[PDB]
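*Asks:* The structure's right below; bear with me while I get my questions together.
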Amino acid sequence: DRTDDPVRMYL
Amino acid sequence: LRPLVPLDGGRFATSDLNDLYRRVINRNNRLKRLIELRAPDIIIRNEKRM
Amino acid sequence: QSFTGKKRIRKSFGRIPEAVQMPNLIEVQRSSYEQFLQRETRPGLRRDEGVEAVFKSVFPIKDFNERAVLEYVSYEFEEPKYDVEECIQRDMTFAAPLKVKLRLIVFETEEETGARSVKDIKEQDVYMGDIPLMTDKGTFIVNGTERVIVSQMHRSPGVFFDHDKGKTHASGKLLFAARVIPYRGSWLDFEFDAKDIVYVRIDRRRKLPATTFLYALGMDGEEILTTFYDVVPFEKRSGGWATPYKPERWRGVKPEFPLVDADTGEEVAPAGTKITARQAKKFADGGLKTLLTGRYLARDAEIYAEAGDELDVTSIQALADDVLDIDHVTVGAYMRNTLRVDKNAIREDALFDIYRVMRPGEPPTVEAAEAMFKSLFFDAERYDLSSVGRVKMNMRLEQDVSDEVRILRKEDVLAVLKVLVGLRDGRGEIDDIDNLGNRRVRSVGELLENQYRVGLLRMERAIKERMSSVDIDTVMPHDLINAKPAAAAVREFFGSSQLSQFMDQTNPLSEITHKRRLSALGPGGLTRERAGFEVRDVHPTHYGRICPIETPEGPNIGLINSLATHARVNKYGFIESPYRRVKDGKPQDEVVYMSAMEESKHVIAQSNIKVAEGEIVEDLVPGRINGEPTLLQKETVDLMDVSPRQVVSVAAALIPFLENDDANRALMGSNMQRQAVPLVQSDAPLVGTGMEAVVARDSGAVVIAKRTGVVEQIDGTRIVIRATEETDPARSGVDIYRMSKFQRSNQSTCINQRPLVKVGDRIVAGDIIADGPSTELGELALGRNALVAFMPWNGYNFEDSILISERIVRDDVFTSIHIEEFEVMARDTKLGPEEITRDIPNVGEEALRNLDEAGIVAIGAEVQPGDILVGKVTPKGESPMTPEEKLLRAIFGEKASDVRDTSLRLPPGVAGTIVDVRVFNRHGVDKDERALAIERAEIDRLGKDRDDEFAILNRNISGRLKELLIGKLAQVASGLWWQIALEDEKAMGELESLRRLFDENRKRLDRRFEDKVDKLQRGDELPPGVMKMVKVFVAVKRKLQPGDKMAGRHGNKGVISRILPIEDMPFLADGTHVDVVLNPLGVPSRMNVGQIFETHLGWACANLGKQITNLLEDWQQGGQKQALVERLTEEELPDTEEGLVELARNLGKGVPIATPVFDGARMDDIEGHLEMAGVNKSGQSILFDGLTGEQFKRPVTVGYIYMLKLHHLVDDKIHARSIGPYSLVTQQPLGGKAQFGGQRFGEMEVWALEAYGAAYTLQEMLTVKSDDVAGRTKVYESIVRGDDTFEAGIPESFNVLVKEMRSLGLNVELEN
Amino acid sequence: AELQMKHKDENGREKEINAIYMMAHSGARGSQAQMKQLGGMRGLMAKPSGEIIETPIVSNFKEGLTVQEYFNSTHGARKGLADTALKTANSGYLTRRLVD
Amino acid sequence: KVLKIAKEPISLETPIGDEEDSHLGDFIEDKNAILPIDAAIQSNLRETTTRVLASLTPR
């Protein structure tokens, strides 16, 4: 479930 | 250590360290403006994350 | 042979046929670029390559919001604005403006209507960014310095089956991984697991079972099992075990239970191969047998049947009130076992899992996940697979579908999985990645096409995003299109790219060997650090396709290999090699090019076979069936070698007497071949391989006649030729050829051409007229050759060095020419504009000599190192001065100037003379008060050449008119040439029809010259900052000095040692003396012997030339001399014309000998040649000692060896610095010989001082010399005063490091 | 044995000694394997896979060599050159690591 | 004056060479730094000015 993307988490 | 000496021809040449400091200052100013405007928690959270 | 071999006859050895000739060596780049740019009519331009390819790929830029589309019809190329001769001087970009016609009308309209409101299409022309055109040589001159693009070599976009050789595993086993690597798309893998489970990973993501990816497709349920494992029927619990079968699978199986027949006796106790059992079952009317508990029933089993495939206990439900065919000897249960490790059953589960693996950390949905999987592999634009990839996949796996589908077909994955499952158990062969059949070459065409496609995609996105704002209604084209949306993408390719590199224009050999290069790096290639050991190794399929002898011996070894002499490239991208087809016994005469992958299923026979009879009589010819060479018979021999010089490159082919030296040493000789600077007044080698003439005439370094007409006069700088002996009607008058004079090349070396024809001397079309740089009589040359004597001379040649005499420098045979071409700018400044002032302040009057009033040195003025070439002064702001300087200025009364001295000065060097100077002015002022005389001289020379060309053309016109009207008192009638002035008027029609063409040609010439003069007067363009620039073409005439690097024709090299006088050299018999003394100790160490045979053959041919030139000195055109000349030469030698005397003048310097690479002269041949020449059969001759006057008590070897002058000169290598400019942030001395560099004290050098007891030498050499800035001047002051002492407090690098560490959270504070 | 043999001249004194024999015996430049490959049979070449090819390369540098026997020598030379280029970096790394 | 704006200055870490080494930071000169030969000339001038100021009267 790890993303390592701020814009991805925001969207 | 992060010089901005102008090269021959009038075109400057700066180090890549200025970009990081400029981005940090811009994000800090944006967060400061967000905290004063009383924005929603969703926008203020993303600003702190960035 | 025509006008080239007649002047100089070159004997050839060996016995090899010359049926097929090698094509042009530069055909690769030209053929690759021609496919991209068609340059044909409108109905033409039909192919998969070129800008039209991408245009037809995505022509319509449609938007669903407004329903507007853009249609493509065709594109046209315009003429180039600037020619190459002016593009090289003006530093412009040689390219052609691209124009494409696009229609803005769209068929879609509002309310679902039909034709739009505007029935007539727009059909507007939109300008596009120009693309650089290819010169006839293939230079790709984008700027003042031409840059060629080397071809790239990468993996073919096909499926591969590579299994690791028991590595990266806990126990010894194989993985058998399969790849579906496409051309442009996400990669796919089907690697196995140690637990015998098939795992699939897309784009090297997290591994997951292949069952999920299979369920994601249409094949779901038991369809994945019915297609992988066969099903066998069984009876529903009959008497015993009645299973009707057949014996196709029972062959060679260990029976765990009694498999005897119900009615016959079979199934013997051993039950091995079961050959007799197989025959009995075949003759038993079937393989039915009578018989368990462990079976995975693959039947498509809700009321009674259930999911899962295993009974395993008692066969419950009484066989439910066709199970499987999987044994343990031939087939495995890997596919079945994979269905029990995955937890996903429904297709939605597999889609969600794939979406989570691709985009981690996001809530998956059925709508978004479906489009993601559809666009990942089943998308046209997202997943692109070239036609070569499809054909390779079809060849590896038969599919009968190619050139029509580009995306991954749903049936291909099942076939790949089946092939992988089959190869896992066995009965399969893996595919090596290093095989030449699995590697394709990407030339400039495909790379530029991909770049243009990316640019066009970006432009299409921009147009689609911009077309929504502007109202489409009541609009037109040429406005909703970015001016440079993709021109930058094509301009950056030639400018910055690992493939497109600088041109190595040092000699005619390097110009032809740099274009046939196959690099492996660049955008899409293995990095030098990621190469490994297998990529650098040579593969046995490179025979005749890639010469394994020309490769750089640096770090990137085995990655910059070039092609062979006969190797070609197919339309797909693979390398082709010619193979002469041979039938049973009798060899055919129809050579056919055999590809690398197709030649595997064939037999190859080597050349040099006895072909005296109709077929080879040996019956044991050496040939390689597939890779390894084994002695094969004469039966079914289908392919034969075309020529022995097929596996060697063009560079290695010039090495004479090859196959006699070591393979590694021959590699060094190839690199030294394309490194010799062109010498002035060079000659062809005495012992040549014959390939020099082809490489000289093929490369773009020599002029070649285009017609058959005779020459009129050779003015040295331009040669004129007549029309032709059979010229066409109404064609051009005469062909004028202007030979390029001394001009700076791309590597700072002189390049000039000299004529070779005389008055008359009718030449046939397609013949070299004037030789190029380092070429004489058409034959290629690299340097002069002198007599060599291998012997130690007082230790001067102890190590790998060379000793030469002063005779080689007295004649000026090894002297070359160089050009630096310095430049200077005149950019303005904020505090006033700069100016080219004639006099610089506080400068000496003597230093201003040889300087024009404008500030530029006159042409042909001798200049010394550290001289003022261009006097430029810049306005300097007011700065504070020390009080002592002010007091001195007030005492002397002089006034301090407000300008700074920034004039150009020559760096330390030879300081040659000036050749040419060019100045450019801005559009505001052009030739106002500077360089006015230069422009006047230029226009005068232009007018002079125009008048000369007009006069010669008018003379040719008068001659043609006279010879035409002679058929129907002309000398006393000068004005009647164009007017008959007689009753006859039949010839007047032809006279007018010829005069019209002559007048239009003259008008075209005048118009071209007027456009040239107008462009010259308009002024060249410059950057906005600069307003004036000057270029000085300083030239230096270097000579051979001690310390220079001189290498022979082979791998032997060595710096030239101290030159000795002519008398000190060894005094040979008859008064002659040697010129070079090489060390003979390099033969045992370096396994190369061809230099000795080359020296012997050179001595033999030199003796023959000396004996033949003396025969003609007695009486010219003697009958006996022709007999000897015909006897010594192997007969087209005698000529009825008077040119026999001219042939002797060239033969007097030694008769040329042409020896092939593999068919060279044997020992008996060279022995007989030496015997006929008059030299002793042993090859060695007695030599005296000139220094002492005594004869050595042993025979010595002397002969003529071909020597080269490498570019590693000593004047450009030496450098010394005392005090120069320091760094900016580190405050250390700069590096590199450009501007007063400092020799870097490396880390390993510091360990040497630490090994010794030296502690003060290393302490001051690191602090007071470069680090400390405060104490740096103290040591200099102490040295200038006379006291030796220094003080070092702390270096600047440590302070910088402390300031850096303090910037982070770490606290680095000093104590005590 | 044919090279080490000292020839006897008709006059009664040794005419001279061979050049390559002296260079190999002194140990300055010549060696045994080099002289063997120059005058001997050269043995058998090894392919890049690791095993030795079964074809006999019966020839020396003095006489001519066909392209087939030269291809294996080129393979071996390229393998040696690629091996010597990478092993030297490991030596430098080990030297830099031991000094610290 | 609108033209010649010098926008987007080149980074000092851009690799001048084709490879990764030989960055642009090395091919740069420091103008504010004074060479030691120039500073040595100043000491000589400062000392010679004191010796020359010895024959004049004290006033």
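Scheme for the structure tokens: letters A, B, ... for chains in order shown; per-chain residue numbers from 1; ligand numbers from 1 in order shown.
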Within 12 Å of residue 1010 (chain C), counting only C-alpha atoms, which residues show up once you throw out same-chain ones fewer than 4 positions away? Write them as a compact mmCIF listing (two decimals) with C-alpha atoms, in the first residue's frame, please.
*Replies:*
```
# COMPACT_ATOMS: atom_id res chain seq x y z
CA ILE C 939 33.70 41.95 -54.40
CA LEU C 942 33.92 37.84 -57.13
CA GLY C 943 33.71 40.05 -60.21
CA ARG C 946 32.53 35.91 -62.72
CA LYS C 1003 21.18 34.65 -66.87
CA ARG C 1004 20.99 31.88 -64.26
CA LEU C 1005 24.70 32.29 -63.50
CA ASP C 1006 24.36 36.08 -63.25
CA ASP C 1014 23.41 40.54 -52.05
CA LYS C 1015 23.69 37.98 -49.25
CA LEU C 1016 27.29 39.07 -48.67
CA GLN C 1017 26.31 42.75 -48.52
```
*Asks:* Identify, with DSSP run on backbone atoms, the residues in chain B assigned to helix (DSSP H, G or I), and express the list as a compact mmCIF listing (two decimals) with C-alpha atoms, in the first residue's frame.
*Replies:*
```
# COMPACT_ATOMS: atom_id res chain seq x y z
CA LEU B 17 21.80 24.52 -4.66
CA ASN B 18 19.86 27.75 -5.26
CA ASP B 19 16.91 25.80 -6.68
CA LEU B 20 16.39 23.80 -3.48
CA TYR B 21 16.58 26.86 -1.22
CA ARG B 22 14.26 28.81 -3.52
CA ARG B 23 11.71 25.98 -3.55
CA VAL B 24 11.88 25.65 0.24
CA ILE B 25 11.38 29.40 0.70
CA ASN B 26 8.45 29.41 -1.74
CA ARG B 27 6.75 26.47 -0.01
CA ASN B 28 7.30 28.04 3.42
CA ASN B 29 5.79 31.34 2.26
CA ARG B 30 2.84 29.48 0.72
CA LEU B 31 2.23 27.60 3.97
CA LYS B 32 2.46 30.85 5.95
CA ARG B 33 -0.10 32.46 3.65
CA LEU B 34 -2.33 29.39 3.97
CA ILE B 35 -2.26 29.48 7.78
CA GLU B 36 -3.29 33.15 7.81
CA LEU B 37 -6.12 32.74 5.28
CA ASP B 41 -7.55 21.13 6.51
CA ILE B 42 -7.23 19.26 3.20
CA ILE B 43 -5.27 22.06 1.54
CA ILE B 44 -3.22 22.92 4.63
CA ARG B 45 -2.26 19.26 5.07
CA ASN B 46 -1.01 18.94 1.49
CA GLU B 47 1.01 22.14 1.94
CA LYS B 48 2.71 20.76 5.06
CA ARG B 49 3.40 17.50 3.22
```
*Asks:* Can you work out which residues from chain C touch chain A at a cut-off of 10 Å (counting only C-alpha atoms) and hand them back as a list in words?
*Replies:*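 Matching residues, ligands excluded from the count: residues 356, 357, 359, 360, 361, 362 and 363 of chain C.
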*Asks:* Could the residues in this selection be written to a file with N, CA and C atoms, as a CSV table (one decimal), in the first residue's frame?
*Replies:*
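Just written: result_20.csv:
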```csv
chain,number,residue,atom,x,y,z
C,356,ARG,N,-3.6,-2.9,-8.5
C,356,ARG,CA,-2.8,-2.6,-7.3
C,356,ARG,C,-1.3,-2.8,-7.5
C,357,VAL,N,-1.0,-3.8,-8.3
C,357,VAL,CA,0.5,-4.1,-8.6
C,357,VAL,C,1.0,-2.9,-9.4
C,359,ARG,N,-0.4,0.4,-10.0
C,359,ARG,CA,-0.6,1.7,-9.3
C,359,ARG,C,-0.8,1.4,-7.8
C,360,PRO,N,0.3,1.2,-7.0
C,360,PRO,CA,0.1,0.9,-5.6
C,360,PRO,C,-0.4,2.1,-4.8
C,361,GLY,N,-1.1,1.8,-3.7
C,361,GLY,CA,-1.7,2.8,-2.8
C,361,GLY,C,-2.7,3.6,-3.5
C,362,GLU,N,-3.8,3.0,-4.0
C,362,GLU,CA,-4.9,3.7,-4.6
C,362,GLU,C,-6.1,2.8,-4.6
C,363,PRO,N,-7.3,3.3,-4.3
C,363,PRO,CA,-8.5,2.4,-4.3
C,363,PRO,C,-8.9,2.0,-5.7
```
*Asks:* Please return, as a list in words, all residues of chain E lying within 9 Å of chain B when only C-alpha atoms are considered.
*Replies:*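 Therefore, the residues near the partner are residues 4, 5, 6, 7, 8, 9, 10, 11, 12, 13, 25, 28 and 30 of chain E.
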*Asks:* Output N, CA and C atoms for every residue in that selection, as a CSV table (one decimal), in the first residue's frame.
*Replies:*
```csv
chain,number,residue,atom,x,y,z
E,4,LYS,N,18.1,40.4,-24.9
E,4,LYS,CA,19.3,40.2,-24.0
E,4,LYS,C,19.0,40.2,-22.6
E,5,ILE,N,18.1,39.3,-22.2
E,5,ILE,CA,17.6,39.2,-20.8
E,5,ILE,C,18.4,38.2,-19.9
E,6,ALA,N,19.0,37.2,-20.5
E,6,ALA,CA,19.8,36.2,-19.8
E,6,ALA,C,18.9,35.4,-18.9
E,7,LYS,N,17.9,34.8,-19.5
E,7,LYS,CA,16.9,34.0,-18.7
E,7,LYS,C,17.4,32.6,-18.6
E,8,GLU,N,17.1,31.9,-17.5
E,8,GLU,CA,17.4,30.5,-17.2
E,8,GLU,C,18.9,30.3,-17.3
E,9,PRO,N,19.7,30.8,-16.3
E,9,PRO,CA,21.1,30.5,-16.4
E,9,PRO,C,21.5,29.1,-16.3
E,10,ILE,N,22.5,28.7,-17.0
E,10,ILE,CA,23.0,27.3,-17.0
E,10,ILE,C,23.4,26.8,-15.7
E,11,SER,N,23.0,25.6,-15.3
E,11,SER,CA,23.5,25.0,-14.0
E,11,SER,C,25.0,24.8,-14.0
E,12,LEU,N,25.6,24.9,-12.9
E,12,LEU,CA,27.0,24.7,-12.8
E,12,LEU,C,27.4,23.2,-12.7
E,13,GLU,N,26.4,22.3,-12.5
E,13,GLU,CA,26.7,20.9,-12.4
E,13,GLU,C,26.4,20.2,-13.8
E,25,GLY,N,31.7,23.3,-13.4
E,25,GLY,CA,32.3,24.0,-12.3
E,25,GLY,C,33.8,24.0,-12.4
E,28,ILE,N,36.0,27.2,-15.0
E,28,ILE,CA,35.6,28.5,-14.6
E,28,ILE,C,36.7,29.2,-13.9
E,30,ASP,N,38.2,32.4,-11.5
E,30,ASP,CA,37.8,33.3,-10.4
E,30,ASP,C,38.5,34.7,-10.6
```
*Asks:* Write out as number ranges by chain the residues lying within 9 Å of residue 336 (chain C), counting only C-alpha atoms and excluding same-chain residues fewer than 6 positions away.
*Replies:* C: 225, 229, 296
*Asks:* Neighbours of residue 44 (chain E) within 12 Å (only C-alpha atoms; same-chain residues fewer than 3 positions away dropped), as a list in words?
*Replies:*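 Those residues are residues 884, 885, 1277, 1280 and 1281 of chain C; 37, 38, 39, 40, 41, 47, 48, 49, 50 and 51 of chain E.
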*Asks:* Would you mind telling me which residue in C:1030, C:305, C:547, C:575 lies nearest to chain D when using only C-alpha atoms?
*Replies:*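 Of all the options, C:547 lies closest to chain D.
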